[PDB]
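One chain comes next, on its own, written out as structure tokens in the form deposited in one PDB entry.
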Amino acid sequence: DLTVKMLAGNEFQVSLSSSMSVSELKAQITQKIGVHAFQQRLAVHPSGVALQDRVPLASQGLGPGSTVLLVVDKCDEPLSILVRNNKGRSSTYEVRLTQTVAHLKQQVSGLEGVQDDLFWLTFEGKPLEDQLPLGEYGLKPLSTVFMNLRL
């Protein structure tokens, strides 16, 4: 088990096995308290050194009975992206990385005039999932999301 400590001292427990990765811990945290992975900044306690992703937690300073510090970086600044419809026509959308794919699809539905259940969005080959935030996919200013039609 692992203690996660937040600013102002709220603490909670995370149990890790059988692998012990930083990406696993972050997914654990999301499930426990709802903070998206892309927003999590984790450091070893009390040293305050940032955890490294590509390194197993056992290989850093962390085993059972250790404490990690979580600071939440909101990452909510507006940016603009492009969604390309099925006809090849790209249109800009103002978004924030903390909004859901579902929310972006409501925007695309409105502009394109296609019901949200009749399409899905992709980015860099992989599907965007309704319940996840845009920040999970690493969208940048004027990245192109593609719209794909269902049957």
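A residue's number is simply how far along the shown sequence it sits, counting from 1.
Note on 55 to 63 vs 22 to 30: mean CA B-factor is higher in 55 to 63. Stretches 12 to 20 and 135 to 143 differ in mean CA B factor, with 12 to 20 having the higher one.
Take 122, 85, 92, 99 and read off each C-alpha B-factor from the entry; 92 has the highest. When the C-alpha B-factors of 70, 35, 49, 108 are ranked from the entry, the top spot goes to 49. In the PDB entry, a CA B factor belonging to the lowest third of its chain's modelled residues is recorded for residue 104. The PDB entry assigns residue 7 a C-alpha temperature factor belonging to the lowest third of its chain's modelled residues.
One more form of this protein exists, namely the form deposited in another entry; it is left out here, but the text below deals with it.
Two rigid parts of the chain turn against one another between the shown form and the other one, and the hinge residue out of 126, 77, 131, 46 is 77. Look at residue 128 and residue 55: in the other form their Cα atoms come 3 Å or more closer than in this form.
Relative to the displayed conformation, the Cα-Cα distance from residue 8 to residue 38 shrinks by 3 Å or more in the other form.
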